[PDB]
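Take a look at the structure below.
All of the numbers you see were taken from the coordinates with simple rules; none came from a lab. Cβ placement follows ideal geometry from the backbone for every residue including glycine, while neighbour counts extend to all protein chains displayed.
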Amino acid sequence: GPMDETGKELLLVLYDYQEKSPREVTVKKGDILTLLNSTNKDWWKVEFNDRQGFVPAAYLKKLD
């Protein structure tokens, strides 16, 4: 509902990504994430299912 959605900028995962460090998030093509921080052009911080961490930006599409 609206409280969960306020203020959130969403992301679509374009390709599966398997984590390669403890601060990375494994995601699957089609997953919908929340964007936390896009200031690094190669790695975006995201929130997904109670995790917060990094996924490469090339794997992600902003849903706006």
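Out of the residues in segment 26-62 that are of a type in the set (D, E, K, R) and out of contact with any strand residue (DSSP E or B) (no Cβ under 9 Å at 6 or more places or on another chain), state the one that is surrounded by the fewest Cβ atoms within 10 Å (Cβ to Cβ).
That would be 50.
Run residue 45 past the list (1) out of contact with any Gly (no Cβ under 9 Å at 6 or more places or on another chain); (2) in a strand (DSSP E or B) and report the number of the one that doesn't hold.
In the conditions (1) out of contact with any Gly (no Cβ under 9 Å at 6 or more places or on another chain); (2) in a strand (DSSP E or B), residue 45 misses (1) alone.
List pairs: first residue in segment 1-20 and of a type in the set (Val, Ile, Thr), second residue surrounded by 14 or more Cβ atoms within 10 Å (Cβ to Cβ) anywhere in the structure, Cβ distance under 8 angstrom, at least six positions apart or on different chains.
Cβ pairs passing all conditions: 13/27; 13/31; 13/33; 13/55; 13/59; 13/60.
So which residues in segment 29-56 are more than 22 Å from residue 4 (Cα to Cα) and basic (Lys, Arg), if there are any at all?
29, 41
Of the numbered conditions (1) outside any loop (DSSP other than H, G, I, E, B); (2) of a type in the set (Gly, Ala, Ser); (3) more than 11 Å from the chain's Cα centre (by Cα), residue 53 fails exactly one; give the number of that condition.
Residue 53 satisfies every listed condition except (3).
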